[PDB]
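Okay, here we've got a single chain as structure tokens, the form deposited in one PDB entry, with questions on binding and movement later.
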């Protein structure tokens, strides 16, 4: 048990599509800031906590499945829900947390410390800390700007360095003090623009599915990624005004290295897409979705790749990633976007280890 020799906490990412339990061990430096953070246990379950019926039977079963086979107990737990919970009013969220609090009070293996919904701005701060902790860019002053994107199921986050600015909402700026260095970040989360929520606006768009895919309305797919991308861009920009919010800020505060986490790592690592060095460009992502999925015959393609439950969505998702990054954020189609390998189980929860405060 590493936790007899190191500090350990458990942090649960209660995401829109599923929850991920992590147990982390760590030591601390002379200011009591964590270092040597190691994941010693992981467990993921589906579906999203905020999608299940909020009654005792259902919540008991879900929590029991998530937690019950961990090799290490008697450790503090931080349960933090994200955009799936944010879709619900406080009073519905309350049903979940009252039931959760009760389940923890009824047992003795886990010590619940916090269980609450964090804002997309909190989540975006944690997204940047987690990635930059793994890149070891936190201990010393960097001479390059690292931006992070988290491609979630219900919201997407963007976060990048930006000097403190009297003209931008205080909620979209964070002054972070860590390892003796002062870091100022712009943060934004776009609720409804995560892959599940976005997709619900395009399921009858023939351009967004392979040829002959059966759309729910009875029409047929007729895929064309640039056309699908244009439809998604309408939601990005005509509805959410992503471009007007984010592009002027990126123009003034350029990002040298972009890192992405969330669903895009899984798409880019699938059998259908081909990228080297765990990185992509939006130009290649759109090309590959267009020709590998959109313009293919659905039943033939589905028969060739039977084991991928996301296959039917790849025309829409490649198009959507491009719409978000290129037409929303203004990122050049030729710019490299690194993505963290899925095997790494990297989500924003490392950020909670390093930084316990919330908005």
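Between two forms, the rigid core is the largest collection of C-alphas that superpose within 1.5 Å. Positions refer to the first chain, counted from 1.
Mean C-alpha temperature factor, higher of 343-351 and 16-24:
Taking the mean B-factor of the alpha carbons in each, 343-351 is higher.
Greater mean Cα temperature factor according to the PDB record, 231-239 or 141-149
Higher mean C-alpha B-factor: 141-149.
Please work out which residue in 162, 87, 131, 264 has the highest C-alpha B-factor recorded for this crystal structure.
Comparing C-alpha B-factors across 162, 87, 131, 264, the maximum falls on 162.
When you compare the CA B-factors of 251, 154, 285, 124 as listed in the entry, which one comes out on top?
Each of 251, 154, 285, 124 was compared by C-alpha B-factor; the highest is 251.
Record-listed C-alpha B factor of residue 179: chain third
It belongs to the highest third of the chain when residues are ordered by C-alpha B-factor.
Can you work out whether the C-alpha temperature factor of residue 328 puts it in the lowest, middle or highest third of the chain?
Lowest third of the chain for residue 328's C-alpha B-factor.
Please rank the C-alpha B-factors of the chain's modelled residues and tell me whether residue 188 sits in the lowest, middle or highest third.
Lowest third, going by the recorded CA B-factors of the chain.
Would you mind ranking residue 294 by its C-alpha B-factor against the rest of the chain and naming the third, lowest, middle or highest?
Its C-alpha B-factor belongs to the lowest third of this chain's values.
Looking at the temperature factor on the CA atom of residue 66, which third of the chain's modelled residues does it land in?
Its C-alpha B-factor, which the entry lists for residue 66, ranks in the middle third among residues of this chain.
The same protein also exists as the form deposited in another entry; that form is not shown, yet it is the one meant from here on.
Core-superposed comparison between this form and the one not shown, residue 298 Cα displacement 2 Å or beyond
After core superposition, the C-alpha of residue 298 moves less than 2 Å between this form and the one not shown.
After the core is overlaid between this form and the one not shown, has the C-alpha of residue 53 moved by 2 angstroms or more?
It does, since the residue 53 C-alpha is displaced 2 Å or more between this form and the one not shown after the core fit.
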